[PDB]
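S.K.: So I pulled this structure from the PDB, and the sequence comes with it:
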Amino acid sequence: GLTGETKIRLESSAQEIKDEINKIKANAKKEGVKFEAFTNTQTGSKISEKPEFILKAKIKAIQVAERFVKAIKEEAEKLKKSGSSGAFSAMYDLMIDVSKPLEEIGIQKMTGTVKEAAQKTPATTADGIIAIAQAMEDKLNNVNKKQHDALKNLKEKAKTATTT
């Protein structure tokens, strides 16, 4: 039968977005590009000057990321009618748990900030958390506006010589 967890959505775990992003990993296999160079490619980009593949996931990675901070503020609304900081511990403690592997996409940055947000707006309630969502969202703008800047560069180097 055709795969489709969303249909069941029993666990409702952060497994949904996990498969979506993981797509950039498999998609790379078809890119042919030297993945191992994904890091050293920056310097090698001198000749290739076509880091469109690398800049493809980085942008598509941050874009989808906005999906999390959105879910965080939601689960918080459930802490209001609950008033049980206990539930927050399970959901909150899950951050590192889900953010640990997520590193596979290089987003464990904006998240790591969540900790610092625990100093200004304590998650002692759904109100504080809802706010903490802004802290993470603020980062998305820093990387989105900074990352896209690199992509634009390739615009100036645009040439018809590209591809045979």
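M.R.: Structure's in. What do you need? Numbering: from 1, shown residues only.
S.K.: Counting residues, name the longest helix you see in the chain.
M.R.: helix 126-156 (DSSP state H).
S.K.: on contacts alone, who are the packing partners of that helix?
M.R.: Contacts defined by 3 or more Cβ pairs under 8 Å, 6 or more residues apart in numbering; DSSP states H and E place helix 126-156 against helix 54-80, helix 108-120. All C-beta atoms are positioned from the backbone trio N, CA, C, and that covers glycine.
S.K.: for these, which one sits closest to residue 150?
M.R.: Evaluated over those, closeness to residue 150 peaks at helix 54-80, with 6.1 Å, by Cβ to Cβ.
S.K.: Now find how far off-centre the closest one is within its chain.
M.R.: Mean-position distance between helix 54-80 and its chain equals 6 Å (Cα atoms, centre = their mean, to the nearest Å).
S.K.: Of all residues in this structure, which one is nearest the centre?
M.R.: The chain has residue 65 as the residue nearest its centroid, 3.3 Å off, counting by Cα atoms, centre = their mean.
S.K.: can you pull the contacts of that residue?
M.R.: The contact partners of residue 65, taken as Cβ atoms under 8 Å, 6 or more residues apart in numbering, are 105, 107, 110, 140.
S.K.: ok, the third one touching residue 132?
M.R.: No: judged on Cβ atoms under 8 Å, residue 110 makes no contact with residue 132 at a distance of 11.7 Å.
S.K.: Of the two, which one has the most company?
M.R.: The neighbour comparison of residue 110 against residue 132 (other Cβ atoms under 10 Å) goes to residue 132, with 24 against 21.
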